[PDB]
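To begin, one chain is listed below as structure tokens, in the form deposited in one PDB entry.
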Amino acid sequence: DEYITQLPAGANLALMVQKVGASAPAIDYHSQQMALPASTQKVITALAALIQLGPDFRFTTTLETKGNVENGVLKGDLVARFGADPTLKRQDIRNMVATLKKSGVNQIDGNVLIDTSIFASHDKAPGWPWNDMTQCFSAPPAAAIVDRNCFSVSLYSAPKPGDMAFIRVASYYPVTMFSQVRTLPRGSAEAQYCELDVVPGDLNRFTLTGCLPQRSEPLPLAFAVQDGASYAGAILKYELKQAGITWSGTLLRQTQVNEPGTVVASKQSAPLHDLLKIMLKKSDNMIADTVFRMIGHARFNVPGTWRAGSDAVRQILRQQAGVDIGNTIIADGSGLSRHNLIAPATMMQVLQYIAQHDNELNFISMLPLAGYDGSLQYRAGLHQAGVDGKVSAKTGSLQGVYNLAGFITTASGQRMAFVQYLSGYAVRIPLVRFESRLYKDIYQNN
């Protein structure tokens, strides 16, 4: 009430603070008003994941044979069955292929199948901004992921202005780069409104367009792979050839559910509890979103889709956590989607459940701890409020958005849950002053 005055009038605050297990809140300010959660969405994802999949779930990738092996020759298909493992690396594919060879397969009399049947429909959630789709933080969290589905490129201006700027990319990235970038003389009138753009095409083609001012060093750029299956296929095909394995057929995608072949090689991710800790400490969208469609797959035994994920999380929260989210909209796991819409009061029910079951979930220890390595290592409001070491909370940050959801231990040692949904802060002083006062008050007055 007094605090709100610290913020620009352009800003929208919805805030709830409640003692763990209490029937009534200590602070309740527009707590039923629905807001964009951004990355605080990951709290709900983590909880739904632990309940549905459990802390010991591991993502799985396999090479399977369908057919008889005669004289080093597979009579049939090689199936590379991807499982949305966010942490799969090129070297892992190389290792599985080394294992395939070692098992006695030198030749495939058949097709190489890139099986993505674990998932179906689009690899991008509803409500994701189109313009972010080429950025690594928003890379499609496909069934087929290798080195996070992100690659990097160097863009060099041409020595003579008007000449085409040129692109260097490492041999080990199966992408196709084209440049239509005009190098501008220093001081060109064109430089103010001529954009430098990336335009993705089919089969992991990328075209760079527009203008680049003459510059002395290359411009480093990182892009998201748009077609994870094709990318993973191309890497597998490279690794097969290097290991001297030949095949007569072609690389085909397999999207339809099917019975597994004989598993000849496999890679499993770290256990889910480990991945959810990375996810919560780093706000890792890819772990959040692979987990999210995995939940739907697991709950309903269908290829995982965004809709299946949303229905499953809603159900898990209602039936296992006794939280009816009502009119909340859950669109993804990471909070990237602009369709995600939730009130502090609803997220409070989620936090209350977590605090009440924390000896079981080992959840709170996974959230960023204020003043320690993580997203809250130094958040000036919290530091100045004197609450380093006292707040465990998930951030949700965007231009003009400063969300915080989690727990604080007060001066008297009571634990309080809080949801701070604060947006349109297009107007780092008013925010600091608000949070310094607010968290200082909660800590010392409870």
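In case it trips you up, residue 1 is the first one in the sequence shown, and so on. Note that the rigid core is defined as the largest set of C-alphas that superpose within 1.5 Å between two forms. Shifts are known only where both forms have a C-alpha.
Missing here is the form deposited in another entry; even so, the following discussion is about that form.
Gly400 is among the residues whose C-alpha shifts by 2 Å or more between this form and the one not shown once the rigid core is aligned. With a cut-off of 2 Å and the rigid core superposed, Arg433 has a Cα displacement that reaches or exceeds the cut-off between this form and the one not shown. Once both forms are fitted on their core, the CA shift for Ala24 between this form and the one not shown remains under 2 Å. Here is what shifts between this form and the one not shown when you lay the two on the core: runs of at least 3 residues, every Cα off by 2 Å or more, at 1-9, 398-400, 428-434.
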